[PDB]
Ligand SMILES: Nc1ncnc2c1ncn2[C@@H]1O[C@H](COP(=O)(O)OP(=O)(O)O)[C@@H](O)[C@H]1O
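The form solved without ligand ADP is given below as one chain in structure tokens.
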């Protein structure tokens, strides 16, 4: 029997009763009367799972089809780590199939690479690329740079004033003061040379710094706030218009990420014997190079691409990112890649391949990497959490694995297009 709303408020308020005594229908009555907020259903109710169940029932009534959420799962999931960290207004979870592609022979080691995707043939094709690399002695990679960025926009009264601030940041003394404020916000914060650009009285400042094993967006944002506050002391007429003025650039296509790099800049390479190209990849070295020149270079050129000189790097990046608790929206910039191919060896029949990815935004701590299922996929690769002995080594290793797996995916798709 559904009790009145006045009586239900007294039971929940009591210390030795709680929501346990109230029913499903009674809690739904309190939320609709604005006594209890729907987004705090986890804290008020005895368990996290029951809070999600109540929000699903509230949502179902609003929908045109009441049984819409029937096959959206929610039970037996660890909501404790998601609440107040990863998601709000939670109505369940979305299971994404995870396949394995390996072994990927990279830097004299072997990796079993997890790939969360619903695209048919993606895992198996990437697996074929790994097999070709394995029979060809393996791949080698190098991290060329490491530093997450934030690109605020500030505004001085005049262009003459903004020019003065740019010159001030360029002196050794001015940069030293701003570096002191930036680095004071975190243990891993080490500010590199600034990258500034004027647009009239506007000034776009590109802060860059390592962030341990974190992706580092929040850490670099906090350091940027303290740095601009210190700059405000020397220039009180400056106005911080936005902590992100799209000069970072985060989650949008931008030539600045392609040229300067953002996060981890990485390069991989391998040599596939002529026999391996024929038997595994069902093509030739000559055919692979001709498709790479006219698709990945000339084709992308005709399309007006900036940073998209590859076949499907975004497929591999997105799959690994979802599996390993990364920010999947950062696939925009993280998938930037140029794939090159040429002839090699004594008879000029072997296929040299390289992929260069200047802006892989990645981390093994914080965000979705705090969740246990996501940590399982990181644990496969041996990069879960922060490396204490060498800060940033786990995040750098994951970036190398992404670049190497992208190269495996490039080998297989380009071989499929060449053979027809």
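Basically, rigid core = biggest C-alpha set you can superpose within 1.5 Å across the two forms. Residue numbers count along the first chain shown, from 1.
* **Between stretches 271-279 and 184-192, more displaced by Cα RMS in 7 other deposited structures of this protein (rigid core superposition)** => Checking 271-279 against 184-192 in 7 other deposited structures of this protein, I find the farther stretch is 184-192.
* **343-351 against 300-308 - segment lying farther from this form in 7 other deposited structures of this protein (CA RMS, rigid core fit)** => Farther from the shown form on average in 7 other deposited structures of this protein: 343-351.
* **Other entries omitting residue 410, at least a third** => No, modelled in all of them.
* Asked: Are coordinates for residue 400 absent in a third or more of the other compared PDB entries?
  -> Across the other compared entries, residue 400 is absent from none.
* Check the entry's C-alpha temperature factors for 12-20 and 402-410, then say which stretch has the higher mean. => It is 12-20 that shows the higher mean C-alpha B-factor.
* Higher mean Cα B-factor in the deposited model: 369-377 or 24-32? -> That would be 24-32.
* Identity of residue with top Cα B-factor, from 93, 207, 71, 247 -> Reading the PDB entry, the winner on C-alpha B-factor is 71.
* Pick out which of 309, 77, 258, 321 has the highest C-alpha B-factor in the PDB entry. => Of 309, 77, 258, 321, 77 has the highest C-alpha B-factor.
* Consider only the C-alpha atoms of the modelled residues in this chain, order them by B-factor as the entry records it, and name the third containing residue 159: lowest, middle or highest. => Residue 159: CA B-factor falls in the middle third of its chain.
* Within this chain's modelled residues, let me know which third the CA B factor of residue 81 belongs to: lowest, middle or highest. => CA B-factor rank for residue 81: highest third.
* **B-factor third for the C-alpha atom of residue 110 within its chain** => Middle third - that is where residue 110 ends up once the chain's C-alpha B-factors are sorted.
* **Chain-wide C-alpha B factor ranking for residue 358, given as lowest, middle or highest third** => For residue 358, whose C-alpha B-factor we compare with every modelled residue in the chain, the answer is the lowest third.
* Rank-wise, by C-alpha B-factor, drop residue 254 into the lowest, middle or highest third of its chain. => Residue 254: CA B-factor falls in the lowest third of its chain.
Another form, the form solved in complex with ligand ADP, is not on view; read the next lines as being about it.
* Asked: Contact between residue 54 and ligand ADP in the entry with it bound at 4.5 Å, heavy atoms?
  -> Answer no; every heavy atom of residue 54 is more than 4.5 Å from ligand ADP in the entry with it bound.
* Asked: Taking the shortest heavy atom distance, is residue 348 within 4.5 Å of ligand ADP in the entry with it bound?
  -> Residue 348 lies outside the contact set for ligand ADP.
* At the 4.5 Å heavy atom threshold, is residue 371 in contact with ligand ADP in the entry with it bound? -> Contact check for residue 371: no, nothing within 4.5 Å of ligand ADP in the entry with it bound.
* Could you tell me if residue 366 has a non-hydrogen atom within 4.5 Å of ligand ADP in the entry with it bound? -> Answer yes; at least one heavy atom of residue 366 falls within 4.5 Å of ligand ADP in the entry with it bound.
* Asked: Can you pick the stretch from 137-145, 156-164, 214-222, 68-76 whose heavy atoms fall within 4.5 Å of ligand ADP in the entry with it bound?
  -> Correct option: 214-222.
* Asked: Three residues, 187, 386 and 391; all within 4.5 Å of ligand ADP in the entry with it bound via heavy atoms?
  -> Verified in the entry with it bound; spot residues all in contact, yes.
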